[PDB]
Amino acid sequence: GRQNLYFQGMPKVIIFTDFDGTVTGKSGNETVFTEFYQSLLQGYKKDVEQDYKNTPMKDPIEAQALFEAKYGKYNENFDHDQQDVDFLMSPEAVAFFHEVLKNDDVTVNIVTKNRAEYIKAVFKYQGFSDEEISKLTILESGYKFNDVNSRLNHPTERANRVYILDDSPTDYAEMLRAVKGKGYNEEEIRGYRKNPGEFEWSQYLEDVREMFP
Ligand SMILES: [Cl-]
Ligand SMILES: [Cl-]
Ligand SMILES: [Mg+2]
């Protein structure tokens with residue numbers, strides 16, 4: 001306990017979460033080939049698909065206009081029962097990310113085969129500020145083991161808790177392998193492998209808030 005300075009004494013949490021079908025209610029391959037997703041790409045032609053991952057995306061303000069055209073304004077009278085609302089984050093997921101993206105002691109990594117431009121447009125449509133979105137680390141190489149392994153090697157501070165969330169068993173298993181290969185043990189890991197729509201975001205919010213005063 002011998003230390004020459006005061007050092008901050010707060011817990012640290014690291015999140016590795018999938019996006020499509022974990023944060024949203026639709027799996028990746030039920031998302032990126034739809035007319036709606038394809039309409040966000042430059043050069044879109046109705047009933048034509050372009051590479052979903054590498055085709056340049058329309059400007060953010062255009063993507064926002066397309067989200068609003070599809071779903072209306074994400075304001076207080078937003079229609080949460082409308083068709084295709086499963087493309088979006090649930091209200092429980094929205095509340096979770098507002099909490100963790102304002103908490104400097106929580107590092108939020110989204111590990112995905114989707115793309116940062118799309119994820120940022122979803123958060124933006126759903127009321128997140130640029131400041132909040134800038135606290136996301138989006139890892140989109142497509143190989144989740146390498147993405148988590150490389151990220152946990154970064155000289156960040158060691159977590160008291162690591163969250164792993166994924167609706168795909170194979171991708172979950174890769175992230176879990178990477179986390180255990182960086183020295184974390186079972187009581188440090190909170191792993192959730194659920195089907196889309198079945199993640200208890202409000203419970204994870206309560207469990208994360210329990211750690212901080
Ligand atoms: Cl823009
Ligand atoms: Cl993915
Ligand atoms: Mg998924």
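Read the numbers this way: they start at 1 and go in the same order the structure lists the ligands and their atoms. These values consider heavy atoms only, across backbone and side chains, with no hydrogens, waters or symmetry-generated copies. Quick note: residue numbers are just sequence positions, from 1.
- A donor atom on one side chain and an acceptor atom on the other are not found under 3.5 Å apart for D166 and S168.
- Side-chain contact annotation: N195 with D167, donor-acceptor N/O pair under 3.5 Å absent.
- For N4 and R2, the side-chain atoms include at least one donor-acceptor pair closer than 3.5 Å.
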Residues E174, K144; criterion salt bridge (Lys or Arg N to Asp or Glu O under 4.0 Å); working and verdict: CA-CA 6 Å; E174 290 182 25; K144 298 210 185 182; over 6 Å; no

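- Listed by chain and residue number, the protein N/O/S atoms under 2.8 Å of the Mg ion (ligand 3) are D18 OD2, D20 O, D167 OD1, with waters left out.
- Enclosure of atom OH in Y6 is not indicated, since only 12 or fewer non-hydrogen atoms of other residues, nucleotides or ligands lie within 6.0 angstrom.
- Note on ring orientation: taking the six-membered ring where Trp is involved, the planes of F78 and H80 are perpendicular (angle over 60°, cut-offs 30° and 60°).
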